[PDB]
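Below is the file final.pdb, which contains PDB, C-alpha atoms.
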ATOM      1  CA  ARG A   1     129.804  26.058 132.095  1.00  0.00           C
ATOM      2  CA  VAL A   2     128.521  29.184 133.839  1.00  0.00           C
ATOM      3  CA  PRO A   3     127.384  32.609 132.561  1.00  0.00           C
ATOM      4  CA  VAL A   4     130.010  35.307 132.134  1.00  0.00           C
ATOM      5  CA  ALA A   5     127.724  38.259 131.296  1.00  0.00           C
ATOM      6  CA  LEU A   6     123.989  39.000 131.406  1.00  0.00           C
ATOM      7  CA  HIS A   7     122.984  41.613 128.841  1.00  0.00           C
ATOM      8  CA  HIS A   8     119.655  43.371 129.410  1.00  0.00           C
ATOM      9  CA  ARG A   9     117.955  43.495 126.024  1.00  0.00           C
ATOM     10  CA  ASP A  10     115.402  46.198 125.328  1.00  0.00           C
ATOM     11  CA  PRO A  11     111.906  45.025 126.374  1.00  0.00           C
ATOM     12  CA  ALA A  12     110.412  46.370 123.133  1.00  0.00           C
ATOM     13  CA  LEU A  13     112.083  43.543 121.180  1.00  0.00           C
ATOM     14  CA  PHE A  14     109.694  40.948 122.658  1.00  0.00           C
ATOM     15  CA  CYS A  15     106.098  40.469 121.520  1.00  0.00           C
ATOM     16  CA  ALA A  16     103.752  38.092 123.306  1.00  0.00           C
ATOM     17  CA  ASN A  17     102.472  35.185 121.256  1.00  0.00           C
ATOM     18  CA  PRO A  18      99.001  35.886 119.806  1.00  0.00           C
ATOM     19  CA  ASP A  19      98.105  32.406 121.092  1.00  0.00           C
ATOM     20  CA  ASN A  20      98.167  31.612 124.837  1.00  0.00           C
ATOM     21  CA  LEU A  21      99.189  35.251 125.331  1.00  0.00           C
ATOM     22  CA  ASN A  22     101.623  34.384 128.144  1.00  0.00           C
ATOM     23  CA  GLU A  23     104.772  33.195 126.332  1.00  0.00           C
ATOM     24  CA  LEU A  24     107.199  35.999 125.530  1.00  0.00           C
ATOM     25  CA  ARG A  25     108.619  35.456 122.045  1.00  0.00           C
ATOM     26  CA  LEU A  26     111.478  37.395 120.479  1.00  0.00           C
ATOM     27  CA  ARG A  27     110.164  39.479 117.596  1.00  0.00           C
ATOM     28  CA  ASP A  28     111.280  38.231 114.180  1.00  0.00           C
ATOM     29  CA  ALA A  29     108.832  40.081 111.902  1.00  0.00           C
ATOM     30  CA  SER A  30     106.542  37.046 112.053  1.00  0.00           C
ATOM     31  CA  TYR A  31     102.946  36.504 113.131  1.00  0.00           C
ATOM     32  CA  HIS A  32     103.818  33.919 115.780  1.00  0.00           C
ATOM     33  CA  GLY A  33     107.279  35.323 116.454  1.00  0.00           C
ATOM     34  CA  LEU A  34     110.541  33.581 117.222  1.00  0.00           C
ATOM     35  CA  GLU A  35     110.461  31.694 120.511  1.00  0.00           C
ATOM     36  CA  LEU A  36     113.179  32.097 123.121  1.00  0.00           C
ATOM     37  CA  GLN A  37     116.237  29.900 122.794  1.00  0.00           C
ATOM     38  CA  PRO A  38     116.270  27.553 125.808  1.00  0.00           C
ATOM     39  CA  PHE A  39     118.790  28.114 128.604  1.00  0.00           C
ATOM     40  CA  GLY A  40     119.680  31.481 127.088  1.00  0.00           C
ATOM     41  CA  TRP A  41     117.073  33.981 128.275  1.00  0.00           C
ATOM     42  CA  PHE A  42     116.708  35.012 131.925  1.00  0.00           C
ATOM     43  CA  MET A  43     113.039  36.034 132.081  1.00  0.00           C
ATOM     44  CA  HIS A  44     111.499  37.542 135.225  1.00  0.00           C
ATOM     45  CA  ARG A  45     107.770  38.280 134.921  1.00  0.00           C
ATOM     46  CA  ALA A  46     106.816  40.372 137.961  1.00  0.00           C
ATOM     47  CA  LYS A  47     103.018  40.140 138.135  1.00  0.00           C
ATOM     48  CA  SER A  48     101.747  42.870 140.436  1.00  0.00           C
ATOM     49  CA  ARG A  49      98.235  42.345 139.036  1.00  0.00           C
ATOM     50  CA  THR A  50      96.793  39.028 137.901  1.00  0.00           C
ATOM     51  CA  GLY A  51      96.431  38.690 134.149  1.00  0.00           C
ATOM     52  CA  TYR A  52      98.547  38.287 131.044  1.00  0.00           C
ATOM     53  CA  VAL A  53     102.166  39.275 130.444  1.00  0.00           C
ATOM     54  CA  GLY A  54     101.383  42.678 128.944  1.00  0.00           C
ATOM     55  CA  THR A  55      98.776  43.575 131.555  1.00  0.00           C
ATOM     56  CA  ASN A  56     100.650  42.952 134.803  1.00  0.00           C
ATOM     57  CA  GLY A  57     102.998  45.941 134.472  1.00  0.00           C
ATOM     58  CA  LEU A  58     102.545  48.998 136.663  1.00  0.00           C
ATOM     59  CA  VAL A  59     102.612  51.267 133.603  1.00  0.00           C
ATOM     60  CA  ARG A  60      98.957  50.350 132.992  1.00  0.00           C
ATOM     61  CA  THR A  61      97.943  51.876 136.328  1.00  0.00           C
ATOM     62  CA  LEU A  62     100.496  54.701 136.393  1.00  0.00           C
ATOM     63  CA  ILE A  63      99.997  56.086 132.877  1.00  0.00           C
ATOM     64  CA  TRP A  64      96.986  58.162 133.942  1.00  0.00           C
ATOM     65  CA  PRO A  65      98.457  59.950 137.008  1.00  0.00           C
ATOM     66  CA  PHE A  66     101.640  60.493 134.994  1.00  0.00           C
ATOM     67  CA  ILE A  67      99.687  62.204 132.208  1.00  0.00           C
ATOM     68  CA  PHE A  68      97.655  64.320 134.618  1.00  0.00           C
ATOM     69  CA  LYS A  69     100.653  65.428 136.688  1.00  0.00           C
ATOM     70  CA  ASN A  70     102.840  66.283 133.706  1.00  0.00           C
ATOM     71  CA  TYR A  71     100.106  68.159 131.851  1.00  0.00           C
ATOM     72  CA  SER A  72      99.348  70.129 135.013  1.00  0.00           C
ATOM     73  CA  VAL A  73     103.053  70.877 135.506  1.00  0.00           C
TER      74      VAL A  73
ATOM     75  CA  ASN B   1      97.513 111.789  90.211  1.00  0.00           C
ATOM     76  CA  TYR B   2      94.770 109.181  90.525  1.00  0.00           C
ATOM     77  CA  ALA B   3      92.540 110.523  87.735  1.00  0.00           C
ATOM     78  CA  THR B   4      93.542 112.055  84.414  1.00  0.00           C
ATOM     79  CA  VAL B   5      92.038 115.222  82.969  1.00  0.00           C
ATOM     80  CA  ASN B   6      90.466 113.090  80.227  1.00  0.00           C
ATOM     81  CA  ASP B   7      88.324 111.518  82.977  1.00  0.00           C
ATOM     82  CA  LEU B   8      87.434 114.739  84.790  1.00  0.00           C
ATOM     83  CA  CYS B   9      86.311 116.168  81.443  1.00  0.00           C
ATOM     84  CA  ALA B  10      84.125 113.066  80.966  1.00  0.00           C
ATOM     85  CA  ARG B  11      82.460 112.841  84.380  1.00  0.00           C
ATOM     86  CA  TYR B  12      82.024 116.630  84.295  1.00  0.00           C
ATOM     87  CA  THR B  13      81.179 118.243  80.965  1.00  0.00           C
ATOM     88  CA  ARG B  14      84.249 119.546  79.151  1.00  0.00           C
ATOM     89  CA  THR B  15      82.540 122.842  78.299  1.00  0.00           C
ATOM     90  CA  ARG B  16      81.978 123.615  81.982  1.00  0.00           C
ATOM     91  CA  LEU B  17      85.560 122.533  82.694  1.00  0.00           C
ATOM     92  CA  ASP B  18      86.799 124.996  80.069  1.00  0.00           C
ATOM     93  CA  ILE B  19      84.592 127.702  81.588  1.00  0.00           C
ATOM     94  CA  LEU B  20      86.119 127.051  85.018  1.00  0.00           C
ATOM     95  CA  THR B  21      89.702 126.818  83.715  1.00  0.00           C
ATOM     96  CA  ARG B  22      89.966 129.660  81.166  1.00  0.00           C
ATOM     97  CA  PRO B  23      90.174 132.458  83.805  1.00  0.00           C
ATOM     98  CA  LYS B  24      92.839 130.739  85.902  1.00  0.00           C
ATOM     99  CA  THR B  25      95.382 130.467  83.088  1.00  0.00           C
ATOM    100  CA  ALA B  26      97.712 133.383  82.403  1.00  0.00           C
ATOM    101  CA  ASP B  27      96.850 133.920  78.731  1.00  0.00           C
ATOM    102  CA  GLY B  28      93.063 133.633  79.036  1.00  0.00           C
ATOM    103  CA  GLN B  29      92.550 130.711  76.581  1.00  0.00           C
ATOM    104  CA  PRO B  30      91.374 127.224  77.637  1.00  0.00           C
ATOM    105  CA  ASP B  31      94.260 125.423  79.325  1.00  0.00           C
ATOM    106  CA  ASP B  32      94.905 121.900  80.579  1.00  0.00           C
ATOM    107  CA  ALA B  33      97.639 122.364  83.201  1.00  0.00           C
ATOM    108  CA  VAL B  34      95.212 123.940  85.688  1.00  0.00           C
ATOM    109  CA  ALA B  35      93.023 120.832  85.710  1.00  0.00           C
ATOM    110  CA  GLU B  36      96.056 118.572  86.114  1.00  0.00           C
ATOM    111  CA  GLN B  37      97.313 120.684  89.024  1.00  0.00           C
ATOM    112  CA  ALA B  38      93.901 120.513  90.707  1.00  0.00           C
ATOM    113  CA  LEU B  39      93.824 116.742  90.172  1.00  0.00           C
ATOM    114  CA  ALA B  40      97.300 116.490  91.698  1.00  0.00           C
ATOM    115  CA  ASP B  41      96.168 118.476  94.744  1.00  0.00           C
ATOM    116  CA  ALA B  42      93.089 116.263  95.137  1.00  0.00           C
ATOM    117  CA  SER B  43      95.272 113.168  94.798  1.00  0.00           C
ATOM    118  CA  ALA B  44      97.534 114.593  97.508  1.00  0.00           C
ATOM    119  CA  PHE B  45      94.460 115.072  99.709  1.00  0.00           C
ATOM    120  CA  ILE B  46      93.381 111.461  99.175  1.00  0.00           C
ATOM    121  CA  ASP B  47      96.958 110.246  99.683  1.00  0.00           C
ATOM    122  CA  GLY B  48      97.101 111.994 103.040  1.00  0.00           C
ATOM    123  CA  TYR B  49      93.759 110.494 104.003  1.00  0.00           C
ATOM    124  CA  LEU B  50      94.876 106.985 102.974  1.00  0.00           C
ATOM    125  CA  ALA B  51      98.471 106.837 104.238  1.00  0.00           C
ATOM    126  CA  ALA B  52      97.162 105.994 107.720  1.00  0.00           C
ATOM    127  CA  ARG B  53      96.805 102.285 106.915  1.00  0.00           C
ATOM    128  CA  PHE B  54      98.227 101.770 103.417  1.00  0.00           C
ATOM    129  CA  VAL B  55     101.565 101.812 101.650  1.00  0.00           C
ATOM    130  CA  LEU B  56     100.902 105.012  99.799  1.00  0.00           C
ATOM    131  CA  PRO B  57     102.530 104.246  96.399  1.00  0.00           C
ATOM    132  CA  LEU B  58      99.505 102.008  95.920  1.00  0.00           C
ATOM    133  CA  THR B  59     100.294  98.659  94.328  1.00  0.00           C
ATOM    134  CA  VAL B  60      96.703  98.401  93.062  1.00  0.00           C
ATOM    135  CA  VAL B  61      94.497 101.495  92.864  1.00  0.00           C
ATOM    136  CA  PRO B  62      90.938 101.120  94.215  1.00  0.00           C
ATOM    137  CA  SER B  63      88.486 101.788  91.411  1.00  0.00           C
ATOM    138  CA  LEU B  64      86.365 104.246  93.411  1.00  0.00           C
ATOM    139  CA  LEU B  65      89.384 106.474  94.034  1.00  0.00           C
ATOM    140  CA  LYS B  66      89.061 107.870  90.509  1.00  0.00           C
ATOM    141  CA  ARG B  67      85.613 109.194  91.437  1.00  0.00           C
ATOM    142  CA  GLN B  68      86.874 110.368  94.830  1.00  0.00           C
ATOM    143  CA  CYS B  69      89.674 112.305  93.122  1.00  0.00           C
ATOM    144  CA  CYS B  70      87.418 113.790  90.445  1.00  0.00           C
ATOM    145  CA  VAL B  71      84.941 115.120  93.009  1.00  0.00           C
ATOM    146  CA  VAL B  72      87.625 116.717  95.189  1.00  0.00           C
ATOM    147  CA  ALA B  73      89.319 118.224  92.134  1.00  0.00           C
ATOM    148  CA  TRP B  74      85.979 119.652  91.001  1.00  0.00           C
ATOM    149  CA  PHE B  75      85.410 121.212  94.418  1.00  0.00           C
ATOM    150  CA  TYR B  76      88.962 122.588  94.483  1.00  0.00           C
ATOM    151  CA  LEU B  77      88.289 124.059  91.036  1.00  0.00           C
ATOM    152  CA  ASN B  78      85.104 125.848  92.202  1.00  0.00           C
ATOM    153  CA  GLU B  79      86.659 127.553  95.227  1.00  0.00           C
ATOM    154  CA  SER B  80      85.519 131.052  94.218  1.00  0.00           C
ATOM    155  CA  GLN B  81      81.769 130.336  94.113  1.00  0.00           C
ATOM    156  CA  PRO B  82      80.593 126.712  94.309  1.00  0.00           C
ATOM    157  CA  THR B  83      77.131 125.261  93.993  1.00  0.00           C
ATOM    158  CA  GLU B  84      75.522 123.900  97.150  1.00  0.00           C
ATOM    159  CA  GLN B  85      75.560 120.399  95.660  1.00  0.00           C
ATOM    160  CA  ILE B  86      79.295 120.586  94.937  1.00  0.00           C
ATOM    161  CA  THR B  87      79.950 121.493  98.571  1.00  0.00           C
ATOM    162  CA  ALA B  88      77.615 118.748  99.801  1.00  0.00           C
ATOM    163  CA  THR B  89      79.319 116.097  97.671  1.00  0.00           C
ATOM    164  CA  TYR B  90      82.743 117.321  98.792  1.00  0.00           C
ATOM    165  CA  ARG B  91      81.633 116.976 102.412  1.00  0.00           C
ATOM    166  CA  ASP B  92      80.349 113.480 101.619  1.00  0.00           C
ATOM    167  CA  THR B  93      83.666 112.418 100.089  1.00  0.00           C
ATOM    168  CA  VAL B  94      85.594 113.932 103.009  1.00  0.00           C
ATOM    169  CA  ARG B  95      83.361 111.896 105.318  1.00  0.00           C
ATOM    170  CA  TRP B  96      84.095 108.778 103.266  1.00  0.00           C
ATOM    171  CA  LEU B  97      87.844 109.438 103.391  1.00  0.00           C
ATOM    172  CA  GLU B  98      87.640 109.961 107.157  1.00  0.00           C
ATOM    173  CA  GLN B  99      85.807 106.646 107.479  1.00  0.00           C
ATOM    174  CA  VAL B 100      88.478 104.937 105.368  1.00  0.00           C
ATOM    175  CA  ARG B 101      91.283 106.455 107.478  1.00  0.00           C
ATOM    176  CA  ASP B 102      89.557 105.472 110.745  1.00  0.00           C
ATOM    177  CA  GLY B 103      88.890 101.939 109.497  1.00  0.00           C
ATOM    178  CA  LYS B 104      85.098 102.049 109.139  1.00  0.00           C
ATOM    179  CA  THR B 105      85.196 101.378 105.381  1.00  0.00           C
ATOM    180  CA  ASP B 106      87.792  99.781 103.147  1.00  0.00           C
ATOM    181  CA  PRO B 107      88.543 101.750  99.956  1.00  0.00           C
ATOM    182  CA  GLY B 108      87.663  98.818  97.719  1.00  0.00           C
ATOM    183  CA  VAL B 109      89.624  96.872  95.123  1.00  0.00           C
ATOM    184  CA  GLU B 110      90.733  97.093  91.525  1.00  0.00           C
ATOM    185  CA  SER B 111      87.599  96.126  89.601  1.00  0.00           C
ATOM    186  CA  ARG B 112      89.688  94.233  87.031  1.00  0.00           C
ATOM    187  CA  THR B 113      91.109  91.585  89.372  1.00  0.00           C
ATOM    188  CA  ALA B 114      89.536  92.325  92.796  1.00  0.00           C
ATOM    189  CA  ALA B 115      92.863  93.002  94.513  1.00  0.00           C
ATOM    190  CA  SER B 116      93.018  95.145  97.637  1.00  0.00           C
ATOM    191  CA  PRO B 117      95.946  97.530  98.169  1.00  0.00           C
ATOM    192  CA  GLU B 118      98.425  96.393 100.791  1.00  0.00           C
ATOM    193  CA  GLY B 119      99.627  98.416 103.751  1.00  0.00           C
ATOM    194  CA  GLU B 120     101.807  98.453 106.815  1.00  0.00           C
ATOM    195  CA  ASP B 121     100.850  96.498 109.925  1.00  0.00           C
ATOM    196  CA  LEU B 122      98.332  98.595 111.849  1.00  0.00           C
ATOM    197  CA  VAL B 123      98.734  96.322 114.888  1.00  0.00           C
ATOM    198  CA  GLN B 124     102.060  94.743 115.826  1.00  0.00           C
ATOM    199  CA  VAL B 125     103.113  93.106 119.095  1.00  0.00           C
ATOM    200  CA  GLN B 126     106.380  91.499 120.174  1.00  0.00           C
ATOM    201  CA  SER B 127     106.896  89.150 123.104  1.00  0.00           C
ATOM    202  CA  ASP B 128     109.811  87.170 124.449  1.00  0.00           C
ATOM    203  CA  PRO B 129     110.491  83.863 122.651  1.00  0.00           C
ATOM    204  CA  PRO B 130     107.867  81.286 123.621  1.00  0.00           C
ATOM    205  CA  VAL B 131     108.921  78.641 126.135  1.00  0.00           C
ATOM    206  CA  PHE B 132     106.686  75.990 127.727  1.00  0.00           C
ATOM    207  CA  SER B 133     104.141  76.581 124.964  1.00  0.00           C
ATOM    208  CA  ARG B 134     102.101  73.666 123.651  1.00  0.00           C
ATOM    209  CA  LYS B 135     104.217  73.654 120.479  1.00  0.00           C
ATOM    210  CA  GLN B 136     107.120  72.257 122.541  1.00  0.00           C
ATOM    211  CA  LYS B 137     106.335  68.587 121.982  1.00  0.00           C
ATOM    212  CA  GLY B 138     109.043  67.638 124.476  1.00  0.00           C
ATOM    213  CA  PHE B 139     108.143  66.789 128.077  1.00  0.00           C
ATOM    214  CA  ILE B 140     104.330  66.506 128.165  1.00  0.00           C
TER     215      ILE B 140
END
Any chance you could put this one into structure tokens?
Amino acid sequence: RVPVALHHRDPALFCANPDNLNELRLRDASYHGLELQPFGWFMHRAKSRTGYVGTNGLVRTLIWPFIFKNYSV
Amino acid sequence: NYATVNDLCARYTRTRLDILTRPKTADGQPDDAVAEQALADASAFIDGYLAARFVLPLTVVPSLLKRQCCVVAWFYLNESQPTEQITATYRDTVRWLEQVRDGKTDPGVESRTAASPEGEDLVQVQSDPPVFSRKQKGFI
């Protein structure tokens, strides 16, 4: 029983739990949000900077130079 | 014409208007067509002085233009021997019309509804279609 296809879902579909702020939960129009079904969600959290799941992305650092460069251009 | 003879004979006494008009007619009796012709010539004068920055078949007539037509018609009707004051007031209204043409003074409005006469675009510029302007919400 092995995987036959790995579909990359859009990252916007996942909202972090308001509690413990480190468990990605599939959005289901709920306050807590639907948790991930076990053994069915390949999650890779690449933490370049220590912190929570939303913080550790490089978009937090790169949004400012992006804005400055594109406005200047 | 901007002003009717019934207004020129009110601002200026009708008896003096008859005195000025009765020689000019062919018969020699008081006439009304002479005054209307003078008013038409004065209205043509004002029209020429206003067509610089207005659509000349005026949608709304400024209320002072009746006075400005009566004075010019009166001066045009005293061309043989005018009083000094008539000449001075004619020079004043020519100065006012020059100021209106230049842009120093607007003619006014219709006193009934305070509407200013429209006119063609004094200033008009055309450029190539705008690209990379801030209105292009793309990119950014």
Which residues, named as in the file, does the ChimeraX specification (/B :<8) & /A pick out? Answer as number ranges by chain. A: 67, 70-71
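Put simply, atom CA of residue 32 of chain A is 28.3 Å away from atom CA of residue 63 of chain A.
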Quick one: which residues end up in the PyMOL selection byres ((chain B and resi 106-111) around 10) for this structure, as an MDAnalysis selection string? chainID B and resid 50 60:65 96:97 99:105 112:117
Can you translate the PyMOL selection byres ((chain A and resi 9) around 12) into the concrete residues it hits in this file, as a list in words? residues 6, 7, 8, 10, 11, 12, 13, 14, 26, 41, 42 and 43 of chain A
With 4 Å of padding per side, what axis-aligned box (centre and edge lengths, Å, one decimal) covers all the listed atoms of segment 30-41 of chain B? Give it as AutoDock Vina command-line options.
--center_x 94.5 --center_y 121.9 --center_z 86.2 --size_x 14.3 --size_y 18.7 --size_z 25.1
To one decimal place, how far is atom CA of residue 91 of chain B from atom CA of residue 3 of chain B in Å?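 If I compute the distance from atom CA of residue 91 of chain B to atom CA of residue 3 of chain B, I get 19.4 Å.
Of note, atom CA of residue 138 of chain B and atom CA of residue 58 of chain A are spaced 23.2 Å apart.
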Write out as a ChimeraX atom specification which residues come within 10 Å of residue 46 of chain B when counting all atoms listed in the file, dropping same-chain ones fewer than 4 positions away. /B:1-2,40-42,50-51,56,65,68-69,72,93-94,97-98,101
For a quick check of understanding, using all atoms listed in the file, which of A:24, A:55, A:50, A:40 has the smallest distance to residue 3 of chain A?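 Counting all atoms listed in the file, the residue closest to residue 3 of chain A is A:40.
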